[PDB]
Amino acid sequence: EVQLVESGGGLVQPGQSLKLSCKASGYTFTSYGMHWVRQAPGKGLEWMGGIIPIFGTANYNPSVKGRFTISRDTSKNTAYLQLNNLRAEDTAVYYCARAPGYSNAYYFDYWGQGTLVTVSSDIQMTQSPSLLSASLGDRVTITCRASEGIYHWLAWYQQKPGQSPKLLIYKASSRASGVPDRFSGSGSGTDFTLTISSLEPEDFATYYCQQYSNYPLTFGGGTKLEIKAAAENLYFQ
């Protein structure tokens, strides 16, 4: 089994440097990409950058470009995120994720569990509703909109409390392996949806959509699916 393990997170002072490591196992290290995705507390996902296989080149998020350094060591089967001149904004759980060995598959099929760092023009992805209340056995459809055409290069992730995001859908309608039938995706161009046909207890999570048409890779703000009783009124905003 594929396993990514982040380490090096701790409590740091503003202005300090900190290096994070992503140790990878259970697959051929050189055939794939490695990316860093962070998450501020009670916030959404933010792509830091990535290393492309074969060329070994690094791409960044303009937001952190020039400040952070993504490196790799094939002999150690480790990828690195070098944090420099840290500040409040950087307080986040840092994840390392694997992108498949395909030139147009820049979604994340595997993630580590994360390492917390505590400091003492792009395609905008808009999600709706930002928060929604529903019951068991209900059909729900949630929406993602891109600010421009992204063909059908859209992925959906499910994120459970204290867990790392898990790939649900890629190619906008392709289900990831180990993903039940009740999850479906549709769309092309700018309008995409995710449908859960009949809600189960496992499904009450935060869903994120992510475009992979162009760099930088960008996520939606999220939809938090909360539970309520069948006798309760539905809520969404």
# chains A, B, ... in the order shown; residues from 1 in each chain; ligands from 1
$ residues_around --residues "residue A:178" --least-positions-apart "5" --cutoff "12 Å" --atoms "only C-alpha atoms" --output "number ranges by chain"
A: 109, 166-169, 183
$ residues_around --residues "residue A:44" --least-positions-apart "6" --cutoff "10 Å" --atoms "only C-alpha atoms" --output "list in words"
residues 38, 206, 207, 208, 219, 220, 221, 222 and 223 of chain A
$ write_last_selection --atoms "N, CA, C and O atoms" --output "mmCIF file, in the first residue's frame"
data_model
loop_
_atom_site.group_PDB
_atom_site.id
_atom_site.type_symbol
_atom_site.label_atom_id
_atom_site.label_comp_id
_atom_site.auth_asym_id
_atom_site.auth_seq_id
_atom_site.Cartn_x
_atom_site.Cartn_y
_atom_site.Cartn_z
ATOM 1 N N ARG A 38 -1.532 23.021 1.771
ATOM 2 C CA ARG A 38 -1.744 23.355 3.170
ATOM 3 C C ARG A 38 -3.188 23.730 3.482
ATOM 4 O O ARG A 38 -3.975 23.945 2.566
ATOM 5 N N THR A 206 -16.872 17.734 4.573
ATOM 6 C CA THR A 206 -16.663 18.942 3.774
ATOM 7 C C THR A 206 -16.136 18.469 2.438
ATOM 8 O O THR A 206 -15.150 17.734 2.365
ATOM 9 N N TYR A 207 -16.775 18.930 1.384
ATOM 10 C CA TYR A 207 -16.412 18.607 0.017
ATOM 11 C C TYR A 207 -15.696 19.780 -0.651
ATOM 12 O O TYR A 207 -16.102 20.932 -0.472
ATOM 13 N N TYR A 208 -14.600 19.495 -1.367
ATOM 14 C CA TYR A 208 -13.827 20.502 -2.100
ATOM 15 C C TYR A 208 -13.684 20.085 -3.558
ATOM 16 O O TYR A 208 -13.372 18.922 -3.837
ATOM 17 N N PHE A 219 -8.509 25.367 -5.553
ATOM 18 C CA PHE A 219 -9.667 24.682 -4.950
ATOM 19 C C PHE A 219 -10.862 25.592 -4.750
ATOM 20 O O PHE A 219 -10.740 26.822 -4.714
ATOM 21 N N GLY A 220 -12.004 24.965 -4.507
ATOM 22 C CA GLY A 220 -13.220 25.676 -4.139
ATOM 23 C C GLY A 220 -13.130 25.932 -2.641
ATOM 24 O O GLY A 220 -12.253 25.370 -1.968
ATOM 25 N N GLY A 221 -13.989 26.818 -2.136
ATOM 26 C CA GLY A 221 -13.989 27.185 -0.719
ATOM 27 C C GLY A 221 -14.517 26.096 0.181
ATOM 28 O O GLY A 221 -14.251 26.117 1.384
ATOM 29 N N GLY A 222 -15.299 25.169 -0.389
ATOM 30 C CA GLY A 222 -15.846 24.033 0.342
ATOM 31 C C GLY A 222 -17.335 24.104 0.604
ATOM 32 O O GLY A 222 -17.956 25.170 0.603
ATOM 33 N N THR A 223 -17.925 22.947 0.772
ATOM 34 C CA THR A 223 -19.318 22.831 1.145
ATOM 35 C C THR A 223 -19.248 21.900 2.354
ATOM 36 O O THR A 223 -18.699 20.811 2.232
#
$ residues_around --residues "stretch 224-226 of chain A" --least-positions-apart "6" --cutoff "9 Å" --atoms "only C-alpha atoms" --output "ChimeraX atom specification"
/A:129-135,203-207
$ closest_atom_pairs --of "stretch 111-167 of chain A" --to "stretch 82-94 of chain A" --cutoff "10 Å" --atoms "only C-alpha atoms" --output "CSV"
residue,atom,partner,partner_atom,distance
A:112,CA,A:94,CA,9.1
A:113,CA,A:94,CA,8.9
A:114,CA,A:94,CA,5.3
A:115,CA,A:94,CA,5.1
A:116,CA,A:93,CA,4.1
A:117,CA,A:91,CA,5.4
A:118,CA,A:91,CA,4.8
A:119,CA,A:91,CA,5.5
A:120,CA,A:88,CA,7.3
A:164,CA,A:93,CA,9.4
$ atom_distance --atom1 "atom CA of residue A:231" --atom2 "atom CA of residue A:139"
15.9 Å
$ closest_residue --among "A:80, A:51, A:128, A:68" --to "residue A:22" --atoms "only C-alpha atoms"
A:80
$ select_by_dssp --residues "stretch 11-190 of chain A" --states "helix (DSSP H, G or I)" --output "PyMOL selection string"
chain A and resi 29-31+88-90
$ write_last_selection --atoms "C-alpha atoms" --output "compact mmCIF listing (two decimals), in the first residue's frame"
# COMPACT_ATOMS: atom_id res chain seq x y z
CA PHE A 29 8.82 7.01 -6.36
CA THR A 30 10.18 8.27 -9.75
CA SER A 31 7.03 7.51 -11.84
CA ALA A 88 0.79 34.04 11.03
CA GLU A 89 -0.73 33.21 7.55
CA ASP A 90 1.53 30.14 7.32
$ select_by_dssp --residues "stretch 165-194 of chain A" --states "strand (DSSP E or B)" --output "ChimeraX atom specification"
/A:166-170,174-175,183-188,191-194
$ write_last_selection --atoms "N, CA and C atoms" --output "PDB file, in the first residue's frame"
ATOM      1  N   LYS A 166      -9.740  13.228   0.756  1.00  0.00           N
ATOM      2  CA  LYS A 166      -9.686  11.991  -0.011  1.00  0.00           C
ATOM      3  C   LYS A 166     -10.414  12.183  -1.349  1.00  0.00           C
ATOM      4  N   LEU A 167      -9.738  11.805  -2.445  1.00  0.00           N
ATOM      5  CA  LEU A 167     -10.267  11.870  -3.803  1.00  0.00           C
ATOM      6  C   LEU A 167     -11.564  11.065  -3.960  1.00  0.00           C
ATOM      7  N   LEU A 168     -12.601  11.747  -4.464  1.00  0.00           N
ATOM      8  CA  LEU A 168     -13.899  11.159  -4.734  1.00  0.00           C
ATOM      9  C   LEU A 168     -14.047  10.967  -6.214  1.00  0.00           C
ATOM     10  N   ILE A 169     -13.886  12.077  -6.951  1.00  0.00           N
ATOM     11  CA  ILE A 169     -14.117  12.189  -8.380  1.00  0.00           C
ATOM     12  C   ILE A 169     -12.987  12.899  -9.045  1.00  0.00           C
ATOM     13  N   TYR A 170     -12.641  12.483 -10.263  1.00  0.00           N
ATOM     14  CA  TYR A 170     -11.634  13.136 -11.114  1.00  0.00           C
ATOM     15  C   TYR A 170     -12.256  13.143 -12.513  1.00  0.00           C
ATOM     16  N   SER A 174     -15.549  10.730 -13.325  1.00  0.00           N
ATOM     17  CA  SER A 174     -14.878   9.463 -13.040  1.00  0.00           C
ATOM     18  C   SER A 174     -14.751   9.280 -11.556  1.00  0.00           C
ATOM     19  N   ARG A 175     -15.273   8.164 -11.060  1.00  0.00           N
ATOM     20  CA  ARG A 175     -15.191   7.868  -9.654  1.00  0.00           C
ATOM     21  C   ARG A 175     -13.830   7.267  -9.403  1.00  0.00           C
ATOM     22  N   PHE A 183     -22.185   8.450  -5.190  1.00  0.00           N
ATOM     23  CA  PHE A 183     -21.474   9.668  -5.578  1.00  0.00           C
ATOM     24  C   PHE A 183     -21.383   9.709  -7.078  1.00  0.00           C
ATOM     25  N   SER A 184     -21.823  10.820  -7.647  1.00  0.00           N
ATOM     26  CA  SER A 184     -21.799  11.074  -9.092  1.00  0.00           C
ATOM     27  C   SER A 184     -21.402  12.511  -9.392  1.00  0.00           C
ATOM     28  N   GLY A 185     -20.717  12.695 -10.498  1.00  0.00           N
ATOM     29  CA  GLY A 185     -20.311  14.010 -10.957  1.00  0.00           C
ATOM     30  C   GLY A 185     -20.708  14.276 -12.393  1.00  0.00           C
ATOM     31  N   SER A 186     -21.006  15.544 -12.702  1.00  0.00           N
ATOM     32  CA  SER A 186     -21.336  15.967 -14.064  1.00  0.00           C
ATOM     33  C   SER A 186     -20.860  17.357 -14.320  1.00  0.00           C
ATOM     34  N   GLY A 187     -20.743  17.679 -15.598  1.00  0.00           N
ATOM     35  CA  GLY A 187     -20.343  18.994 -16.054  1.00  0.00           C
ATOM     36  C   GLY A 187     -19.167  18.999 -16.989  1.00  0.00           C
ATOM     37  N   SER A 188     -19.011  20.119 -17.661  1.00  0.00           N
ATOM     38  CA  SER A 188     -17.912  20.477 -18.551  1.00  0.00           C
ATOM     39  C   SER A 188     -17.978  21.986 -18.680  1.00  0.00           C
ATOM     40  N   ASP A 191     -19.546  24.794 -15.330  1.00  0.00           N
ATOM     41  CA  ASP A 191     -20.517  24.358 -14.313  1.00  0.00           C
ATOM     42  C   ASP A 191     -20.492  22.883 -14.035  1.00  0.00           C
ATOM     43  N   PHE A 192     -20.127  22.534 -12.797  1.00  0.00           N
ATOM     44  CA  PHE A 192     -19.983  21.160 -12.352  1.00  0.00           C
ATOM     45  C   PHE A 192     -20.786  20.940 -11.113  1.00  0.00           C
ATOM     46  N   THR A 193     -21.272  19.722 -10.955  1.00  0.00           N
ATOM     47  CA  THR A 193     -22.027  19.342  -9.777  1.00  0.00           C
ATOM     48  C   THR A 193     -21.499  18.033  -9.251  1.00  0.00           C
ATOM     49  N   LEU A 194     -21.825  17.769  -7.986  1.00  0.00           N
ATOM     50  CA  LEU A 194     -21.556  16.537  -7.285  1.00  0.00           C
ATOM     51  C   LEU A 194     -22.887  16.158  -6.683  1.00  0.00           C
TER      52      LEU A 194
END
$ residues_around --residues "residue A:100" --least-positions-apart "5" --cutoff "8 Å" --atoms "only C-alpha atoms" --output "list in words"
residues 32, 33, 105, 106, 107, 108 and 109 of chain A
$ closest_residue --among "A:159, A:177, A:71, A:197" --to "residue A:45" --atoms "only C-alpha atoms"
A:159
